[PDB]
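Following: one structure in structure tokens, then a few remarks.
2 protein chains.
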Amino acid sequence: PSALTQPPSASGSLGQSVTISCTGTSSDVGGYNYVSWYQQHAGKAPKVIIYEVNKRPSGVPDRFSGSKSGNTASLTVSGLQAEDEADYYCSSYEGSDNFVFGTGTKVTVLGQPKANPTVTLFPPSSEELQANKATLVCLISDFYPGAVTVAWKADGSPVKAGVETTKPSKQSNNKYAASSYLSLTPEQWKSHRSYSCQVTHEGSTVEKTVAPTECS
Amino acid sequence: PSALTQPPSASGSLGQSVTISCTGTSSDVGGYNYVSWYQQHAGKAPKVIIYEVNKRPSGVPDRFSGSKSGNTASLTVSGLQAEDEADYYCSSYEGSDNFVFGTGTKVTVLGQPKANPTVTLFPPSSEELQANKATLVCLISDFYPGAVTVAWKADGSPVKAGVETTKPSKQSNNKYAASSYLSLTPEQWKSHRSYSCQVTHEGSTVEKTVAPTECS
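Protein sequence lines, in the order shown, are assigned to chains A and B.
Its first residue numbered 1, the first sequence is counted upward by one per residue in the authors' numbering.
Its first residue numbered 1, the second sequence is counted upward by one per residue in the authors' numbering.
Printed below as a string of structure tokens:
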């Protein structure tokens, strides 16, 4: 048997463009015209962007393009914008009711501005307290690239315990977002002068502090 | 569109019959009797394991039952093997220009006891408002298996905009954790009576309700 052959790397820079290969055989891509191009975000829906070798779906943007050339179908995504980072799989009709897929391509943009994160600290809410538990959410958002560390602090002295810190998702703007949490008893909470959230990105350190004051 | 609701996570032990749904919004009910179940394992690509409602593609093992009882496609793995662990996306071709995939269902083979999320909602920090910002963060912790839905409400109204759910991460306790933020303008924050955060997970659903209150 066999798959379909794409190469796993189509890198380009913004404004520019990229040109992905999907090679089949005269049994799938060669003979039938039904070659489709999926766009897929990390472990999210994929969707049809190209379907009958090349044609526009309506709500698919104006510049992903498909080509056929023998055993080979090609997507050329012209003009490159950030978000085009994805995984693009092809599909080729075989016969006797069966569709076969590709190795897929991870697409990468370059020249995307780097961002130092917005760091929002959240003190333990009123009800959290009424229930008698306390949690601190450091919301580390809007960064790029996706390397960022987190540290919490007792009071100057550190907190290397209690903390769970999710590691970085990607959002609607092709910028990354992560969070960190200190789970503590309100004892602990009302005991200390302040609890910090230190967040470290491409050399730019940020520290946000929280003191029992709140409004919550 | 996002027009085929699929569960966040399904799970069983080796031997359990795991049923999976694609519930379609209004549209072509009894109108696309042409739904397709597709796998994705980590790092592979989408093997379509069901076409035309109940039809098995070449070499799909008979375990992988399929039906569409009424508005609802229901795949059924009628004997869980380890390798069944995968994402599952349904699909519907609603007229040439329109291919739709379900939201996606993750199948886990039970490796820990099942553990429903602790939904904890944080309200805009006092200070943050002092800076004219409004952000809420729904924190979702300590769940298994790690595949969870999030929905927000502005007064029982899906807040469709400004939402940024992340992706499950392994916590040192070997359970998952996610978080959805919501960026807002102060005025809009006050101008709503309540805000809730509803997190769907394997039958259980948790919704946490929040409201504007002051200090200042």
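Backbone N, C-alpha and C define an ideal beta-carbon position, used for all residues, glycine too.
Asked: 8 Å contact criterion, which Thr149(B) and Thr200(B) should meet: CB distance rounded; Found: 4 Å
Asked: Short CB-CB distance (under 8 Å) between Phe122(A) and chain B; Found: yes
Asked: Own chain, CB closer than 7 Å to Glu85(A), minus 5 neighbours either side, in chain order; Found: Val107, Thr108, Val109, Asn174
Asked: Under 9 Å (Cβ pairs) to chain B, residues found in the stretch 26-41 of chain A; Found: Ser36, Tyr38, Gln40
Asked: Whether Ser74(B) touches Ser21(B) by CB criterion (8 Å); Found: yes
Asked: Against chain B: residues of the stretch 40-57 of chain A by CB proximity under 9 Å; Found: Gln40, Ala42, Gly43, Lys44, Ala45, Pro46, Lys47, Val48, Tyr51, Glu52, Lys55, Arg56, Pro57
Asked: From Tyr195(A), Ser180(A), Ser141(A), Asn116(A), residue whose alpha carbon lies closest to that of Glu202(A); Found: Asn116(A)
Asked: At least three beta-carbon pairs within less than 8 Å, the stretch 77-96 of chain A to the stretch 40-59 of chain A; Found: yes
Asked: Distance CB(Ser179(B))-CB(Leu121(B)) smaller than 8 Å; Found: no
Asked: Beta-carbon neighbours of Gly95(B), restricted to chain A and to distances below 9 Å; Found: Within chain A, no residue comes near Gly95(B); the closest Cβ sits about 11 Å away, beyond 9 Å.
Asked: Under the three-state DSSP convention, the category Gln188(B) falls into; Found: helix
Asked: Contact with chain C by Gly102(A), beta-carbon distance below 8 Å; Found: Looking at the structure shown, chain C is missing, and the protein chains on hand are A and B.
Asked: Chain A residues whose Cβ lies nearer than 9 Å to that of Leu139(B); Found: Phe122, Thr135, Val137, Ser179, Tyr181
Asked: Local conformation of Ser126(B) per DSSP, three classes; Found: helix
Asked: Where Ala115(A) falls: helix, strand or coil (DSSP); Found: strand
Asked: Under 8 Å between C-beta atoms of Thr209(A) and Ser191(A); Found: no
Asked: Within the stretch 122-185 of chain A, ranges of the beta strand (DSSP E) (whole runs, at least 3 residues); Found: 134-143, 149-155, 157-159, 163-165, 176-184
Asked: Collapsed DSSP secondary structure at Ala82(A) in the structure displayed; Found: helix
Asked: Cutoff 8 Å: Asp87(B) Cβ touching any chain A Cβ; Found: yes
Asked: Helix, strand or coil at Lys44(B) [DSSP, three-state]; Found: coil
Asked: Chain B contact residues for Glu214(A), given Cβ-Cβ distances below 7 Å; Found: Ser126
Asked: Integer-rounded CB distance, given that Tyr51(A) should sit under 8 Å from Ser36(A); Found: 5 Å
Asked: Cut-off 6 Å between Cβ atoms - residues of its own chain near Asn33(B), not counting five sequence neighbours on either side; Found: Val53
Asked: Chain-ordered chain A contacts of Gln171(B) [CB-CB under 7 Å]; Found: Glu164
Asked: Nearest-angstrom Cα separation, counted from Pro124(A) out to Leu184(A); Found: 9 Å
Asked: Buried or exposed (CB count within 10 angstroms, at least 16 for buried), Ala134(B); Found: buried
Asked: Same chain, Cβ closer than 8 Å to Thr72(A), five either side skipped, listed in chain order; Found: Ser21, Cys22, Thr23, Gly24, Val29
Asked: Exposure of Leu14(B), with buried meaning 16 or more beta-carbon neighbours within 10 Å; Found: exposed
Asked: Assigned secondary structure, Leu4(B) (DSSP; H/G/I helix, E/B strand, else coil); Found: strand
Asked: Below-8 Å beta-carbon distance, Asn98(A) vs any chain B residue; Found: yes
Asked: Neighbouring residues, chain B, relative to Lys167(A) (Cβ below 8 Å); Found: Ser169
Asked: Exposed unless 16 or more other CB atoms sit within 10 angstroms - verdict on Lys170(A); Found: buried
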